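One structure is given below, encoded as C-alpha cells.
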Amino acid sequence: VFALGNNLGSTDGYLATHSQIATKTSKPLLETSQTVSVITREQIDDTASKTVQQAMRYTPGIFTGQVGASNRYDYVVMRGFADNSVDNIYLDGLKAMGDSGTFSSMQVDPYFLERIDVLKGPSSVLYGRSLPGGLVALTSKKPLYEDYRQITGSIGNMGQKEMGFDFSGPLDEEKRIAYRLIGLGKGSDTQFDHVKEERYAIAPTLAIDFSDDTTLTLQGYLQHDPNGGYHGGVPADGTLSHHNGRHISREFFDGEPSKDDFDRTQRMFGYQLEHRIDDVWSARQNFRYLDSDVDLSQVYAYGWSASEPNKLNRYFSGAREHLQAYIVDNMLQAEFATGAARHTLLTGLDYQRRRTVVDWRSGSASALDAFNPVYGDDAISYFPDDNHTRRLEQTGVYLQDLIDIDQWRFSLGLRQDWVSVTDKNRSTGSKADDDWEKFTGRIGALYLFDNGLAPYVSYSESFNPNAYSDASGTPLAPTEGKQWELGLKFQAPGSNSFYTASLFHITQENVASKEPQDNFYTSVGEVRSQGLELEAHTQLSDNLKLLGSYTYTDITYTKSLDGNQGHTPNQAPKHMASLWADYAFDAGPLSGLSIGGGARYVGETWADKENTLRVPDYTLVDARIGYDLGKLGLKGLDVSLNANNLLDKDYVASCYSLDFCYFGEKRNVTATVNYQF
Ligand SMILES: CCCCCCCCCO[C@@H]1O[C@H](CO)[C@@H](O)[C@H](O)[C@H]1O
Ligand SMILES: CCCCCCCCCO[C@@H]1O[C@H](CO)[C@@H](O)[C@H](O)[C@H]1O
Ligand SMILES: CCCCCCCCCO[C@@H]1O[C@H](CO)[C@@H](O)[C@H](O)[C@H]1O
Ligand SMILES: CCCCCCCCCO[C@@H]1O[C@H](CO)[C@@H](O)[C@H](O)[C@H]1O
Ligand SMILES: CCCCCCCCCO[C@@H]1O[C@H](CO)[C@@H](O)[C@H](O)[C@H]1O
Ligand SMILES: CCCCCCCCCO[C@@H]1O[C@H](CO)[C@@H](O)[C@H](O)[C@H]1O
Ligand SMILES: CCCCCCCCCO[C@@H]1O[C@H](CO)[C@@H](O)[C@H](O)[C@H]1O
Ligand SMILES: CCCCCCCCCO[C@@H]1O[C@H](CO)[C@@H](O)[C@H](O)[C@H]1O
Ligand SMILES: CCCCCCCCCO[C@@H]1O[C@H](CO)[C@@H](O)[C@H](O)[C@H]1O
Ligand SMILES: CCCCCCCCCO[C@@H]1O[C@H](CO)[C@@H](O)[C@H](O)[C@H]1O
Ligand SMILES: CCCCCCCCCO[C@@H]1O[C@H](CO)[C@@H](O)[C@H](O)[C@H]1O
Ligand code: NA
Ligand code: NA
C-alpha cells in the first residue's frame, strides 16, 4: 500500500492519476490544489528525450533552451525563472544537493527513472530552499516482484551510441526481497566539432519487507562522465545577425581540443525506510549521501577581438571540485476522521548538509577565428587562483494538514527553516558566515464536483539563499517567492483524458540589484511573473494518445536599480505551445506498428536584460516510428526510429546576454532495439 512519500495511483500511456510531489503523500492530481504535471516513462521513451531537461519539452510553463543544445547540466526554467535553474531538481523526494555556485551540479540519467513530476510555483513549505517557478521530482525505477529483464541498444547520427540493461525480480520464494540492477554506457560526438559526451553508470537497488508493516529500500547510484559534451556560447553579433557578411556555424567549437576536459563522477548511496504503525499512523525516513568529483578545463569565447577582425577573444576556466552532501527527511503522518472531516496530517524534520571544496583557475587564451579556426595555440596566461570551501546547512520542521470534507479538499502548511551558509576563501583566508531563519506557508482550497470538474485556489511561499553578496562580502537576505494561483482541472469519471488550466501571479523579492556605478549589490530588486498554462492529455481507446500545451508568461523586473526596471528577463518566452500524438495499429496487417510525432513552438525571446535584440521564434518537429516484432513471433523484441528536430532547423535557442548565444540541437536521429526476456 503506503501513501506516505509515494505517488501510487496508476499510469496509462502518457497520463498519471496521482502524485506526491505537492503533498509528500499520494493524492489524486484532480484533488490537489496546485499545478502538477507528470511525464511518464513511455513519454520519455517515445519522444527519445535524452536528458531530463529534454523530457520536459512538451510540458507547459517550462523553457528547455537555456544553454541550447548543451547536455552537460539539466536547466529547467519554470514560469520564467532562469536564475538558479540548475537547482530545481529533487530525486526520490530529496534535493539533488549540487552546489549552483560551482561546477558541481549533478545530472540524473533518464534511463534510471520511472517518471518525472513537475510542481509549479513556490513550494518551500514541504522542501525548504527552492525557486519561485517550482521544482521537479524524479522518481527512480524500483525493484519488481516478478522477473523482468531488458536489454537495449541505440545508434544514431552524431556518433550516438548507447547500450543498457535493466534486471529486476524477487530473490526469495516469498517475494519479500527484490532487487533491481540497471547499467548503461553511452557516447556522442555532438553537433559541435571536437566534442565528446560519454557516460557509464550503474544503479543497484534492494527492497526488503520485514513484515506487512515495514519496507526498507537500499539504493546505490554510481555515474562517471569522462567527457561532458559542449557547454559554451557565442556572440549574438554573428548568430542573430551577420558579422562582416558571415554567420558562426552551429557546429563551431570555440575551445582548444588539447585543453577541453569535463570529468564528473557522482557516487550516491541511500535508503528509504517505510513503516506503517496503525491504519492511522505511518512514518518514513528518506536518506541520501552524495560524493562527487568534477574536473573542468575550458577555453571559451567572450566577444569579438578589437584588433583582429573575425577572431573571438577567449579566456580559460579551470576547476577541481569535491562535493559531499548529506540529506535526510523524517516524516510522520496521521490519517483519521473527526466527524465529517478526514485529516491527513503530516509532520516532518529534514536536514541538508553540503561541503564543496573548489580550486578554480582562470586566464587569457589566444584569439580564434570564428570561421576557419586554427586549433593548437593553447597556451594560457593565468590570472590569480581562487580556492574556496563552501558549506550549507538547512534544518526544516514542517506541518501539513490535508482536510477533505464533503467535496472540499483543503491544504494547510507551515514550515520553519534554519539555514547556515559559509564560504571560506582558502586563497585569502577570509570567511563569510551567515545564519538565518525563514517561515513559509501554503493554503489551498479545491472543490471537486462529481462530474470531475475541480476549481481551486492556492497561496504559496518560497525562499532561496541569495547568490549575491553586499559591501562587506556577507550574502544579502534570501530571495522570497509568493504566489497566488487559480486553476481548474477536469477528468470525466469515464476517461483516460485529463485537462487543466492554471493562472498564476508570482512575486520574487530581495533580488540583487545595483546601479551600473556601484560594486556592491543590494536586495531591493523584485521580479513578477504572471500568466496562464493549459495542459491536455487525450487518450482514445488505447491506440491514439495526444498531449498538448499552451503557456503564456509575462515576466518583468518590477523593481531594478540598474536601468532595466520594467524590462522582461531574457530567456523568457511570452508564448510557448506544443502538441504530441502517438498512433498504434492493433489489428490487421499493420499491427505492432506505431507512428507518432509532434511539434514544439517557442515564441520570441529577448537576447539581453537591456531588451535591445530579439531571438526569433521557432517551431520544431519531432517524429517516431515503432514496430513490435513479437508479431512476427519473437516476443519481447521491438524497434524504433526517432528524429527530433526532423526539419533540421538551424537556429539560436536563447541567449544569456549579447555575448553568449546558444544554438539549438540539429536533427537528432536514433534507432533503438529493445529485448525483453
Ligand atoms: C542488488 C544487485 C543484486 C543482483 C542479484 C543477482 C541476480 C539474481 C540471482 O539469481 C537468482 O537467484 C534466486 C535463487 O536464490 C532465484 O530466485 C532466481 O530465479 C535467480 O535468477
Ligand atoms: C553497460 C554496457 C556499456 C557498453 C558501452 C557502450 C558504448 C559506449 C560508447 O563509448 C565511447 O563513446 C565515445 C564518444 O563518442 C567514443 O569516443 C569512444 O570510441 C566510445 O568507446
Ligand atoms: C517535530 C518532530 C518532527 C517529526 C519527527 C518525524 C519522525 C519520523 C522518524 O523516522 C521514522 O520514525 C520511526 C520511529 O517510530 C522509525 O520507524 C524510523 O526512524 C522512521 O520510519
Ligand atoms: C550528520 C553527519 C554528516 C557528517 C558527514 C557528511 C556531511 C557533508 C559535508 O561533509 C563535511 O565533512 C568534513 C569532514 O572533514 C567536515 O567538515 C564536516 O563533517 C562536513 O562539513
Ligand atoms: C548513518 C547515517 C544515517 C543517519 C540517520 C539520521 C537520523 C535523522 C535525524 O537527523 C538529524 O536531524 C537534526 C535536526 O535537529 C540534525 O541537527 C542532525 O545533525 C541530523 O543528523
Ligand atoms: C529542532 C530544530 C532546531 C534547530 C536546529 C539548529 C540548531 C539551532 C540553530 O540556532 C541558530 O539560531 C539563529 C537565531 O537565533 C538562527 O538564525 C540560525 O539559523 C541558527 O544557527
Ligand atoms: C477558499 C474558500 C473558503 C471555503 C469556506 C469554508 C467551507 C467550509 C466547509 O464546510 C462547507 O460549508 C459550510 C460552512 O458552514 C458547511 O455547512 C458544510 O459542511 C460545507 O458545505
Ligand atoms: C480558458 C481559461 C480557464 C480559466 C481557468 C481558471 C479558473 C479558476 C477558478 O477558481 C475559482 O474562482 C471562482 C471565482 O473567484 C471562485 O469559485 C473561487 O474564487 C475559485 O475557487
Ligand atoms: C493574475 C493571476 C491570478 C491571481 C490573482 C491574485 C491577486 C494578484 C495580486 O497579487 C499582489 O499584487 C500586488 C502587486 O504589487 C501586491 O499586493 C503583491 O505584490 C501581490 O501579492
Ligand atoms: C501564439 C503566437 C502569438 C505570438 C504573438 C507575438 C507576441 C510576442 C511577445 O513578445 C513579448 O512582447 C512584449 C511586448 O508586447 C514584451 O514585453 C515582452 O517583453 C516580449 O517577450
Ligand atoms: C522517424 C524517422 C525520420 C528519419 C529522418 C530522415 C532524415 C535522415 C537524414 O538525416 C541525416 O542523416 C545523415 C547520415 O545519413 C546524418 O549524418 C545527418 O547528421 C542526419 O541529419
Ligand atoms: Na502550482
Ligand atoms: Na556526458
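Last residue of the sequence shown? That's 820 in the deposited numbering, and every number before it is there in order.
In this text, a Cβ means the ideal position worked out from N, Cα and C, and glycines have one as well.
Length of the line joining the Cα atoms of residue i and residue j
i      : j      : result
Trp723 : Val764 : 10 Å
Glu399 : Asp356 : 58 Å
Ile187 : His161 : 18 Å
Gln428 : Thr295 : 34 Å
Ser228 : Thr481 : 42 Å
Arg410 : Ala468 : 11 Å
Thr748 : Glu394 : 22 Å
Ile182 : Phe641 : 13 Å
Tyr602 : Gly587 : 6 Å
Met474 : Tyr288 : 26 Å
Proximity test, residue i beta-carbon vs ligand 2 heavy atom, cut-off 8 Å
i          : result
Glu340     : yes
residue 89 : Because the chain is modelled from 144 through 820, residue 89 falls outside the range shown and cannot be assessed.
Residue i: CB within 8 Å of a non-hydrogen atom of ligand 8
i      : result
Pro598 : yes
One or two residues paired with residue i in a DSSP bridge
i      : result
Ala191 : DSSP, once it has assigned bridges, lists no residue as partnering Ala191.
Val564 : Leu535, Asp577
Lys304 : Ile298, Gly330
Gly739 : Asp725, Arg767
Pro732 : Answer is none; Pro732 lacks a bridge partner.
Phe405 : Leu439
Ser797 : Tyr805
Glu669 : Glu652, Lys702
Any non-hydrogen atom of ligand 5 within 8 Å of residue i CB
i      : result
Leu492 : yes
Beta-carbon separation (whole angstroms), residue i vs residue j, contact threshold 8 Å
i           : j      : result
residue 119 : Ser692 : There is simply no residue 119 to check, as the chain begins at 144 and stops at 820 in what is shown.
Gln819      : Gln293 : 5 Å
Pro275      : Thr694 : So it is not a contact: roughly 16 Å between Cβ atoms.
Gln334      : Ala212 : 6 Å
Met301      : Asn811 : 7 Å
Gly595      : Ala635 : 5 Å
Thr178      : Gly461 : At roughly 41 Å, the Cβ-Cβ gap does not stay under 8 Å, so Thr178 and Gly461 are not in contact.
residue 823 : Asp771 : Only positions 144 to 820 of the chain appear in this structure, which leaves residue 823 out of reach.
Residue i vs residue j beta-carbon contact at 9 Å
i      : j      : result
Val210 : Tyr201 : no
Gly375 : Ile345 : no
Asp397 : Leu511 : yes
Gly735 : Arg767 : no
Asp521 : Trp503 : no
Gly709 : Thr696 : no
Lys752 : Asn785 : no
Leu234 : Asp260 : no
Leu269 : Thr166 : yes
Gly148 : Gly271 : no
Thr815 : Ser331 : no
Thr665 : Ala655 : yes
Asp472 : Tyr494 : yes
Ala191 : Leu172 : no
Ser283 : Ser605 : no
Residue i beta carbon near ligand 4 (any heavy atom closer than 8 Å)
i      : result
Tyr432 : yes
Near ligand 12: residue i beta-carbon under 8 Å from a heavy atom
i      : result
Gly264 : yes
beta-carbon residue i near ligand 10 non-hydrogen atom, thresh 8 Å
i      : result
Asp697 : yes
Cβ-heavy atom distance, residue i to ligand 9, below 8 Å
i      : result
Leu646 : yes
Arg222 : no
Proximity test, residue i beta-carbon vs ligand 13 heavy atom, cut-off 8 Å
i      : result
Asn214 : yes
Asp368 : yes
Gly372 : yes
Residue i: CB within 8 Å of a non-hydrogen atom of ligand 7
i      : result
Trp551 : yes
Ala588 : yes
Near ligand 1: residue i beta-carbon under 8 Å from a heavy atom
i      : result
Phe310 : yes
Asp422 : no
Residue i CB to nearest heavy atom of ligand 3 below 8 Å
i      : result
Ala426 : yes
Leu475 : yes
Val540 : yes
beta-carbon residue i near ligand 11 non-hydrogen atom, thresh 8 Å
i      : result
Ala786 : yes
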